[PDB]
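The lines below spell out each chain.
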Amino acid sequence: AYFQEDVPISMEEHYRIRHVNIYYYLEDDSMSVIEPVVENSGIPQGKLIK
Amino acid sequence: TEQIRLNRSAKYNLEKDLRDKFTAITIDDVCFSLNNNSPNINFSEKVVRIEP
Amino acid sequence: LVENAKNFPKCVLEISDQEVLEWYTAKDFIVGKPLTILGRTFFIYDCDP
Amino acid sequence: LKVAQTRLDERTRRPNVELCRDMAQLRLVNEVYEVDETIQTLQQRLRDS
Amino acid sequence: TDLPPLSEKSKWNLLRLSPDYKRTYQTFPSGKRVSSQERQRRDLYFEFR
Amino acid sequence: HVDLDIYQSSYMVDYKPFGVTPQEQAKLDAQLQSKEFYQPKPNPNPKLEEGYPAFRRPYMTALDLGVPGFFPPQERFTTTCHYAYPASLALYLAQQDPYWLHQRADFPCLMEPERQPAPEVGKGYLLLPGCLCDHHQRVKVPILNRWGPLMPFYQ
Amino acid sequence: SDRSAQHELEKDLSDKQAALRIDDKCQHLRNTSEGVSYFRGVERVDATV
Amino acid sequence: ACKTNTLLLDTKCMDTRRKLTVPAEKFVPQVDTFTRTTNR
Amino acid sequence: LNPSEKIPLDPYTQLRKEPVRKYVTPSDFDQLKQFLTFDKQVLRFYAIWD
């Protein structure tokens, strides 16, 4: 899935589209959300939600 | 909505079983149709596996 | 020629490949139909074996 | 419509000498045509409603 | 689901930066290979090394 | 035991009447038509040299990015039409399919079969039921429901 | 010669066997049977012999 | 009814054609249908 | 399962992509080949001017 963030105070863009993966663990009915690292994006990426 | 979901699951299992039944019937028809004077009649093959 | 022939100084520069769009060519010379060269309609009689 | 198209696809698989244009084949093609016309008529009446 | 469209700046830059976009031997408008000495002359056509 | 090219002077061996590869010949020739009959085409897509204002015709969002050759890809009897009693879909099919009845537009309920039982003798027709006649239309024409004797045993 | 005739008959029997199996499966299909889907185009595809 | 009449008549003619092949009228010898024929 | 959809791409990353440093070779129907293989061949067409 992808979610869109408005970005202010930037030269170029006024929106983002960050790519993220949602895992659903059947064993206990849990969920996790992880953002795979993009090469030169200045966002600190990784695991969005535990 | 939940009852509909349950019906979908039962239908899915039924279709799966129907597919295996059709394949088995086809194989049995081919086996029954064989005869001594038939093409593709061939000897055995040697392989030992023990697989349940 | 190119549509940009409007700003081409014909009074100085000769017509060249940088200004022509198409060339007269054997697709146009085919027997039985006329073809205009320099305002001469030049109907094609016939041709060689 | 689904079942008619499935029958036609399956009968396309017949072997070389058996790949025959039979009256059932003609009838199935016509049936697919008619089902499409029926769907179009129903959609027309829906828009009118 | 609501996304804003791209500007002309962005569209031109994406076309220039596309993985598939390619250039050629800098032909004439008519469609002829441009001479290497012509390209050597630093004028309307340049060199691409 | 003797050789015959001896009796050939240098004049002929020099002077005789005038008498690549075929694939090269076939390839080279298709490359001449590829020039001789070549015609340019508009190539309807904004290119880099035209500039920014040309890049406004195709509308795209960030959804469309990534497609190869980056641009958005470009662009019999019907039952909707009113029909009377003898005109229907089956009447449209009444000739192409293995039945070969063709309407006679003068007398709408008189169809003609292509496969007639005896073309040497005069033609025969089939009659559609119902229908309607005006001004008595005096044509006495063959109609045939089956082929056989005039007085059958099994009727 | 007898071998040649029998070979021809054997090919004919095998082909009719496969064709009969396909035709049986087509005849016994039903409206909500397993493995029924859309096959748009088969009403126009015609590669008979 | 007329189509049935032929099929009833024709079955008679097929049936009467079994007056041949009687074991005393002909001598069919034994036949080896169950075989693996060797002309391959 | 619902029908799938295509995921939008990040315009910033597309802008930050590096270009195609390559080139495409031309045809070889040069004037040399045309001269060497089509010498001594001319076409004569009779015509009238009214």
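Our subject in this report is the structure included herewith.

Within soluble globular proteins, side chains that are nonpolar tend to cluster in buried spots. The biggest cluster of nonpolar side chains holds twelve residues, and these are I17 of chain A, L3, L6, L14 and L15 of chain E together with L48, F55, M60, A62, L65, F70 and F71 of chain F. The residues contacting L48 of chain F, other than those within four sequence positions of it, are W12, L15, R16 and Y21 of chain E together with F55 of chain F.

This part takes up the arrangement of the chains. Among the 15 pairs of chains that make contact, the interface with the largest number of contacts is formed by chains D and G. Nothing in chain D touches chain E, and the closest approach of their C-alpha atoms is 29 Å.

A few words now on the pattern of salt bridges. Under the definition given, this model contains 23 salt bridges over all chains. Between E8 of chain E and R56 of chain F there is a salt bridge, and its shortest N-O distance comes to 3.9 Å. A residue pair is termed interchain when its members come from two chains, as with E8 of chain E in helix 1 (residues 8–17) and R56 of chain F in the loop between helix 2 (22–36) and helix 3 (89–93). Exposure remark for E8 of chain E: the relative accessible area of 26% places this residue in the partly exposed category. Across the pair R104 of chain F and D106 of chain F runs a salt bridge whose closest N-O atoms are separated by 3.0 Å. A cluster of three or more residues bridged by salt bridges with shared partners is formed by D9, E10 and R13 of chain D together with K25 of chain G.

Residue and element names in this part refer to chain A. Spatial strand order, 3-4-5: three strands in an open sheet with antiparallel pairing. Two strands in the sheet have a free side with no partner beyond their single neighbour: strand 3 (21–25) and strand 5 (47–49). With strand direction ignored, the average angle separating the axes of adjacent strands in the sheet is 30°. Relative to strand 5, strand 4 (residues 30–34) runs antiparallel, the two being bridged by two bridges. Paired with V33 across the strands is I49, a residue of strand 5.

Moving on, we come to unusual backbone geometry. Despite not being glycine, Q26 of chain E shows a phi value in the positive range, around 60°. Here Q26 of chain E shows up in the loop between helix 1 and helix 2 (36–40). Here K40 of chain I, not a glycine, exhibits a phi torsion of approximately 65°, which is positive. Checked against the element boundaries, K40 of chain I lands in the loop between helix 2 (31–38) and strand 1 (45–48).

Definitions and limits used
- Residues numbered from 1 in each chain as written, not as in the entry; some residues may be left out.
- Chains lettered and ligands numbered in written order.
- Part of a larger assembly, values for the part shown.
- Heavy atoms only, no water.
- Core = buried A, V, L, I, M, F, W, Y, C linked by side-chain atoms within 4.5 Å.
- Buried < 20%, exposed > 50% of the residue type's maximum accessible area, 1.4 Å probe, protein only.
- Contact = heavy atoms within 4.5 Å.
- Salt bridge = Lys/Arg side-chain N within 4 Å of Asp/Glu carboxyl O.
- Helix = DSSP H or I, 4+ residues; strand = E, 2+ residues; numbered from the N terminus.
- Pairing = 2+ DSSP bridges.
- Axes fitted to C-alpha atoms, helices over the stretch in contact; angles between N-to-C directions.

Purely geometric numbers; function is a separate question.
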